[PDB]
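Structural description and commentary
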Amino acid sequence: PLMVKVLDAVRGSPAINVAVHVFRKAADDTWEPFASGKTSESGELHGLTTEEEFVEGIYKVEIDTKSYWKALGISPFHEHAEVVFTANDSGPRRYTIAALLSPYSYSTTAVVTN
Amino acid sequence: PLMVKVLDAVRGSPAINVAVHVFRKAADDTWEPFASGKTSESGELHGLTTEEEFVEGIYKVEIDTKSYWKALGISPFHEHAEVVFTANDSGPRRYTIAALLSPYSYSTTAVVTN
Amino acid sequence: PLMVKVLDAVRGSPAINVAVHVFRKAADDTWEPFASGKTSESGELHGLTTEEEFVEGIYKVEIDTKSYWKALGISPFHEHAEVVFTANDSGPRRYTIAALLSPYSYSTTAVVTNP
Amino acid sequence: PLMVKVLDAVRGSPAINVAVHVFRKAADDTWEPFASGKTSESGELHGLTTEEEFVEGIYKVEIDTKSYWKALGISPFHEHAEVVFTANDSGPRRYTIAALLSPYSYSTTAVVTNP
Ligand SMILES: Nc1ccc(/C=C/c2cc(Br)c(N)c(Br)c2)cc1
Ligand SMILES: Nc1ccc(/C=C/c2cc(Br)c(N)c(Br)c2)cc1
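Residues numbered from 1 in each chain as written, not as in the entry; some residues may be left out. Chains lettered and ligands numbered in written order. Heavy atoms only, no water.

Within the PDB entry, the label attached to chain C reads Transthyretin, and the organism entered is Homo sapiens. In the PDB, the structure is listed with the title "Transthyretin in complex with (E)-4-(4-aminostyryl)-2,6-dibromoaniline". Check the Sequence similarities section of the UniProt entry for chain C; it says "Belongs to the transthyretin family." (UniProt positions renumbered as here; feature names shortened; annotations may be inferred.)

Naming follows the PDB entry, where chain A appears as Transthyretin of Homo sapiens. Looking at chain A in UniProt, the text filed under Subunit is "Homotetramer. Dimer of dimers. In the homotetramer, subunits assemble around a central channel that can accommodate two ligand molecules. Interacts with RBP4." Quoted verbatim from the Sequence similarities heading of the UniProt record, the comment on chain A is "Belongs to the transthyretin family."

Okay, here's the thing in structure tokens:
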């Protein structure tokens, strides 16, 4: 129900071995851990959740962009990239959060399909 | 060896049924037709060329963004989106040209892999 | 020393009246409110801070994109766009945080200059 | 009435000294040269045209991104970034064409205002 795809705009490649942490907003307004992983060789992270666990709510996808750039010997601007959104059942059922990274910039989009 | 992927930043979806025309630069500096198609339900166009035909050279991928927006009843800025690049054999072998469309803006990136 | 510029990729215009909240990470790892404002008719927000006040730290620039799209009567994907960065850690710099908004997407960039 | 602004997403800076060529589609469907220039230290190029000269038409703004990256001693993917649009077809407007550059990617947006 939830996939993350990360691309590198400097090298023209998937962004491999990027740490990604997903959080769900709790009733007290704290962010609690939900799912995490490292992007694959294809820059993707699948297997984060199941339909059962992925209930409506506010989620945060934190992509560790600073460590990614540092590992490539490149000095970056951001601490991380943050994508915060509401999962809504009246919308399509599969969510892809994509991000396109540069050292001083990033783009993100959502592809929400049925 | 060549794929095109198009996404819609307004609807959060693949951009479906978008016309895409590929041209190769000729020795006289004219653009000659090379391959074309319409994006699928997943916003992708595969099958454009084969490894045999996709030789080094300068290529232009023209995405008919104006017709796409007009069909959705939305007034857009650009006539089309143009992506012009050199295919180089000393680089990885598969090229994905991706574009992310808005009415007054677009993003494009290349994912070049082995 | 800190400016925010926001554009609307749907309308081809500045994004006007966008609320922006800036936080600074405190000693105790919480996010302290630092400054806030709204973009002008030119999509710009200046006057957030001074070079005295804008010390080294980890800053969070929260751009209230959902409130923007909903005030336009549109239902967008993101809650906000957050831009988090270390500032002034090699001395004072001037920062422009720019963002380009669509209902299901945004991009952000930084322009950092040394006065 | 026509301005071009270019930023560098690698350095977090204006993209300076970027060559830009503007064309206008002629009666015979060819691309006639219209104006050209280079971005300044602020990544901006003004003074391309006048409101008299900038008549209705289909215009092509070619940003020479490959020459930029190669002058920096970097090998980029694209030959250039081309921005093609109809202008002034409901009367005169002011156009800003902005671009944000990386070696394998770019984004472009337009800001259109009615003076
Ligand atoms: N499988 C597959 C391959 C490539 C993509 C490209 C996504 C994409 C994301 C962002 Br954000 C921008 N700005 C751009 Br241009 C493109 C998606 C799925
Ligand atoms: N004066 C001034 C300063 C900064 C800007 C930024 C424009 C801008 C263009 C793109 Br294309 C993207 N993707 C992003 Br983000 C931002 C414009 C005018």
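1. Details of the environment of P33 of chain C
All names here are of chain C. Its location among the elements puts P33 in strand β4 (residues 31-38). Here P33 falls in the exposed class, since its relative accessible area comes to 64%. Spatially, the C-alpha atom of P33 lies 4.5 Å from that of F23, the residues being 10 residues apart in sequence. Among all residues touching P33, those that are not within four sequence positions of it are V22 and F23. (Helix = DSSP H or I, 4+ residues; strand = E, 2+ residues; numbered from the N terminus. Buried < 20%, exposed > 50% of the residue type's maximum accessible area, 1.4 Å probe, protein only. Contact = heavy atoms within 4.5 Å.)

2. With respect to the nonpolar core
Among the nonpolar cores identified, the biggest contains 60 residues, and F77 and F85 of chain B together with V4, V22 and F85 of chain D are the most heavily contacted of them. In this structure, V22 of chain D is in contact with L2, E32, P33, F34, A35, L48, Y59, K60 and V61 of chain D, ignoring residues within four places of it in sequence. Membership of the second largest hydrophobic core comes to 59 residues, among which are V22, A81 and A87 of chain A together with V83 of chain C. (Core = buried A, V, L, I, M, F, W, Y, C linked by side-chain atoms within 4.5 Å.)

3. Section: the sheet that holds strand β3 (residues 19-25) of chain D
Strand order in the open sheet made by the eight strands is β4(B)-β3(B)-β6(B)-β7(B)-β7(D)-β6(D)-β3(D)-β4(D), with antiparallel pairing throughout. Both outer strands of the open sheet, β4 (31-38) of chain B together with β4 (31-38) of chain D, are each paired with one neighbouring strand and no more. Put simply, the sheet's adjacent strands are angled 20° from each other on average, direction ignored. Bridge analysis of strand β7 (residues 78-87) of chain B against strand β7 (residues 78-87) of chain D gives five bridges, and the strand direction is antiparallel. Directly across from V84 of chain B, in β7 of chain D, lies its bridge partner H80 of chain D. (Pairing = 2+ DSSP bridges. Axes fitted to C-alpha atoms, helices over the stretch in contact; angles between N-to-C directions.)

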